[PDB]
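Note sheet for the following structure.
Protein chains in written order, with the numbering used here: chain A, 1 to 543; chain B, 1001 to 1534; chain C, 2001 to 2518.
Structure representation (structure tokens):
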């Protein structure tokens, strides 16, 4: 009975600012903003998400939660894409980008309520972004000299692991540093030539024990049974290793070549052919000095018997990625054919052995003197699968962060635990006060948006924000007997948890953040906030 | 008066429906006018989010239920093949003109008189446009005016920050692609590329072409200077039969004998290829050699080329081959048997770009490429689409301006001046009719929609800035000098478009006015709606 | 389902009024647009009355009858369909009060309608004006009336020239006392069929005295231009001779197949020799021509053309004198190349044609229509058809009636004057028809945008005192004299419109019951 006027596009979902959609989008984004607010900070917490396969997923990474959660509203999709960009380009700071964008939208809601046009809000946000990016250059306190030493690497590794696995940062940082040191080349003070790759370090886990029992391997590790009578090779140096893709069996043509034994004549003929061909191929391979053969497919009975006869290590690697890693480690080239031990294609591995870790035996291909491997493997031990998964995620994040120590602000260090955030708040507030026109309100709101980080740290640690926030403001806003600020200007946000007053200085625990990470996160968050705010109407067509 | 089981609309219902649809479309597209406009998100059921401000994209990719709105959108979008811009202007003009016509009809004015007044006002506006245009200089060194035009066309589609990067690229591409001769302009020689690796702010101008298919070898040259271009159409890779087949051996001798059949032709071609490479640039310093090899290349020949410091590409596109021939000047060799040094071309710096998911080869720095390439970069699909749309719009606008020396100053001066001239001329001449004055005033008021929408999108009140602009126009007309008065969407006060650098296309405005007048006249003449055909 | 009696009459009248209401705005140059809602969501804003009538669907059978009558009028006359429908609907509406409230039997109403039709025809004859068919300028001006608001409005001069040339060329006075003496017996469809040639401008169209063929030579190496062509017309194909029924050759031996091939070659050679016995230069065969026949004809220095239907061969016989024979063996020597100007095959619009133009008019002609696109060709063809229809109406009926509704006002006034002397119950439907005749000027006034009430009364008064020489201007909308403004239309159009409208009204009134069954 109620007439409908003003609608002409379609009865499908459609939103316009005439009904306040500019605030409805922000409210919708808040649903996942609250979700991600509980992840940032050293005292972050994971969440339980059920996969489509009926499995249970528990992780502290907000990006993983977003991936495992259904995204419907385009406004949320914008932030999801921004977070994906942050993860791909930088490898860390997804929580920073998400929370900053959410807070920027929240303050934009207040600005809209005040009556400020979205155009002025966007202009002020852009100006504040430029000011903050320029100021971050002067906020640097320390810097990584790129000595590639474990002690210097830990300085950056430790903060990265924190907020991903709380309480175990000390051991995880040592493990990451040990793994990185095995692959870094002999070089120092060189940020223009890449040396470290994210894939250079592999992470594996073995059930049983605790994190304290974890170790690091100086080469490739295979977690599959060799399926043969040869378990390990001697300690002789420079073992020749042959890599094959065709299964170790009778060699046949590319087309057809199937062997079928139907009757006595065919049985005898095919048995003789298979035995002779396999024996000849194995003898030829052994004569070249090949002590280990790795095949991407299975191994036949006669193949196993002849491999045992010549004492050739037996191993199958159905995973092509593992084959590529082995080839990179030893330099061997995959052989599509059988019985072709070409020296130019055979690799060299100094030591090949089977090692038992926690009751599980694995095969390790490591280099000692020659053909030094550029890859390392991390083995995690623990009786809890959730803890192992969290540790694996933390190790991956640390490995990704380590790759970011290059010239473009990789080594530059900022005071973490919100100290940089408070300094930026003060500077942006001063700039907005200096900035004339309506842009001052937007600059002040952009500054206020940065107050979340200390608030999140205080809340996740169980501290009373009503006391921590004024204490932080006083600590970062002090009056000294002179024209230049002095004393402890690097006070951060402490978690305590047992007993403490105020906050602790950053230098006490050396909690520093990468300049490049923070700068790129701020840029991406501001871009996402501007993109979301710039949409005042959504029109879609029914499928 | 109706047949059983029939649907029809009589009385003023048709007028109400048409006015409602026009107002709805006008409100939908109002916020997309001017550099301060908003962005709309479109999802065509696939769930992909696309952001754009172009009127054609908004109208064509959005579902419209009202039949009148469908026709209005189609008519507005049809201008893309005539001028390439002004769709939103056409829609806003149609909406406001229909609103004014309905307002006058409520007073008893017949639609036919309104249509006649619209025609008279259209003729007067054409005369005003003729008397108001400025003849742009044809000097090829006017890079400043081209940059101003590109900035004006781009600011409507970008966030006002990527302008500083995109404007120079588009302006330089359009200036270079036009030969130093009368001839004509053809944007088909300007290629646009999209890459998902870097941010949109990293976009740059490419002087030549980029090749996607290349060889792979650790020793392949990375940078080549003063390189000769050789295009070859004969395969340089091992080939097998259509049915799966291969060579099987049981000994080294059999291996070599069977591989001889595969490698014979490759070695025969490589012999003459290397002979040619030695003949030209074999010992000449500060020179390079690049071979296209449109056909595929096997790893053995790639290694052979690498050991000879030859940048070898494979599986090149036919279109890219033709563009190389037109750019580098090299010819395509059907068979190496007739290989000769005359086939060799010449090119400047040749280098490869390595990306995580792909690789590219640059053949830029040619003596006379007679072509340009623009590389678009981004991290998201919507950003890339917006950048592509903006680049295409800027290219078309600059090309049209170069083709047509007539330029109309922007900043809202044109519409305000047109309205004032229409009002004054029709009040003085009184040559159409007393009642037609209703339609004349309707057209005059409707033509002010564009500046009002531009002011509204910028957050300023039209009632003040438009009044100030009117006062400045009166002062200028009283003065003996010629001056253009517009609206500054950034400061809020009045400004001179000819000094700030805001311009509008003559053809865009002319065609937009004509289309808006035609659509309004056609729609106002609809009296009843009849349903038939099912 | 079923309706009878007064309810059936009311339903029929309502259906007629609904049909009339569709095209009330489709009259005059100021005709307004109508919204046609497509079931697929489309919309067409066409203001053409006949298109709307053909596209608007109706349910009541009377509406279907009216649509069929309008379609028939579209063929009988080139204009007045909307006038016919509007007049019929208004006549039916005006007779409704007398039919229902006054309990007047349909027979009396039908008789009154017939008498009113006779009187209206007499009045239309009275207010007619003679036309001098020998005045080219007057004919061009009259033809320009239907060229208004047409794609060829700019080339109206050349359009009128071509239309007049084509009409005069195909004129057939047929003076005699057996079947009467027609004026010109003009038939565009048969004597002025238009051939569409891609390419060229509007003004490039010409009237050619000859036959145009769209088929080119059958072999790349063959004569293409002949100054003095000699055409041979035949229908039987040149191939292996077969019987009068189905023939199938099923041979498994190569020798017999070779014998059959030799027989086919001999038969084709004999047929080609028979054709060439008359020393021809062009062979036109309706059916297919085998490659052997083409080679044999070419070796004789004679071109070959195939796949030409009888519709073209019959005309070719008129402009070349060739005799069409079904069978090759029956070909005669009467074939001549006389009365043929050329065989030029000039290419127009990247399409090859063949021209047989001459310097004589065999009571027929073909218009070489040219244009930039097929749509332009169709538009120009329709405009030329309209112009030639107007010319035919003027020449066959050299009489004009005043336009702008003046004729309708005069008819209404004279009918009102005469009704007083009827002295019978029939006077009521007579006055109803007289009043309904006034709808056309009312519609014109409404479309123009003036006062629909006072202007009509002024028109009536002026017609009463102005000798029926006043009307409504399309633009000004005031009462003006038609003589000064030159607003005239053919008398035949008005006569046919009135006849059809009154006949439709009588037909719809005569039906008082509708029943179902099959």
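Every residue gets a Cβ at the ideal spot worked out from N, C-alpha and C, and that includes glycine.
- Burial check for residue 266/A: the Cβ neighbour count within 10 Å stays below 16, so the residue is exposed.
- Interface annotation for the region 1244-1258 of chain B against chain A: 1244, 1245, 1246, 1247, 1248, 1249, 1250 and 1255, criterion Cβ-Cβ distance under 9 Å.
- Contact between the region 347-354 of chain A and the region 365-381 of chain A is present: three or more C-beta pairs spanning the two stretches fall below 8 Å.
- Going by beta carbons, residue 1526/B and residue 2034/C fall inside the 9 Å limit.
- What residue 2060/C touches in chain B, judged by beta-carbon distance under 9 Å, is 1003 and 1004, going in chain order.
- The beta-carbon of residue 85/A is placed less than 9 Å from the nearest beta-carbon of chain B.
- According to DSSP, residue pairing for residue 150/A in a beta bridge does not occur.
- A Cβ-Cβ contact shorter than 9 Å links residue 1397/B with residue 1084/B.
- In this structure, the beta-carbon distance from residue 17/A to residue 1038/B falls below 9 Å.
- Judged by pairs of C-beta atoms under 8 Å, the region 1418-1435 of chain B does not touch the region 1203-1211 of chain B, as fewer than three such pairs exist.
- The three-state secondary structure of residue 432/A, taken from DSSP, is helix.
- Of the other Cβ atoms in all chains shown, 16 or more fall within 10 Å of the Cβ of residue 106/A; this residue is therefore buried.
- For the pair residue 132/A and residue 321/A, the Cα-to-Cα distance works out to about 43 Å.
- Spanning the alpha carbons of residue 1067/B and residue 1041/B requires a straight line of approximately 23 Å.
- For residue 221/A, the beta-bridge partners assigned by DSSP are 364/A.
- Chain order gives no chain B residues near residue 514/A, where near means a beta carbon separation below 8 Å; the closest approach is about 19 Å.
- Sequence-distant partners of residue 229/A (beyond 5 residues in either direction) whose C-beta falls short of 6 Å from its own C-beta, in its chain, are 308.
- Straight-line spacing of the CA atoms in residue 2489/C and residue 2199/C works out to 34 Å.
- Between the beta-carbon of residue 2430/C and that of residue 2120/C there is about 10 Å, and that puts the pair past the 8 Å contact cut.
- Secondary structure of residue 293/A (DSSP, three-state): strand.
- Closer than 9 Å to the CB of residue 1014/B there is at least one CB belonging to chain C.
- A residue is called buried once 16 or more other Cβ atoms fall within 10 Å of its Cβ, and residue 2194/C is buried on that count.
- Residue 461/A carries a coil assignment under DSSP once its states are collapsed to helix, strand and coil.
- Taking a contact to require three or more Cβ pairs closer than 8 Å, the region 76-94 of chain A and the region 424-434 of chain A do not qualify as touching.
- Taking all protein chains in view, the Cβ of residue 1430/B is surrounded by fewer than 16 other Cβ atoms within 10 Å, so the residue is classified as exposed.
- About 36 Å separates the beta carbons of residue 1002/B and residue 1029/B, which is beyond the 8 Å limit, so they are not a contact pair.
- The three-state reading of DSSP puts residue 1292/B in coil, since its state is none of H, G, I, E or B.
- Chain C places no beta carbon closer than 9 Å to that of residue 1397/B, leaving this residue out of the contacts.
- Counting other Cβ atoms within 10 Å of its Cβ, residue 1184/B stays below 16 and is therefore classed as exposed.
- Inclusion of residue 2315/C and residue 2282/C in the CB contact set at 9 Å is not warranted, their separation being larger than that value.
- For the region 89-101 of chain A, the residues whose beta carbon sits under 9 Å from a beta carbon of chain B are, in order, 89.
- In this structure, the alpha-carbon of residue 1534/B lies about 20 Å from that of residue 2023/C.
- At least one CB of chain C lies nearer than 9 Å to the CB of residue 1070/B.
- Following the DSSP letters along the chain, one finds residue 1352/B inside the beta strand (DSSP E) bounded by residues 1350-1354.
- Contact between residue 475/A and residue 503/A holds, with the beta-carbon distance rounding to 7 Å and staying under 8 Å.
- Counting the other CB atoms within 10 Å of its CB gives residue 2040/C a total below 16, which places it among the exposed residues.
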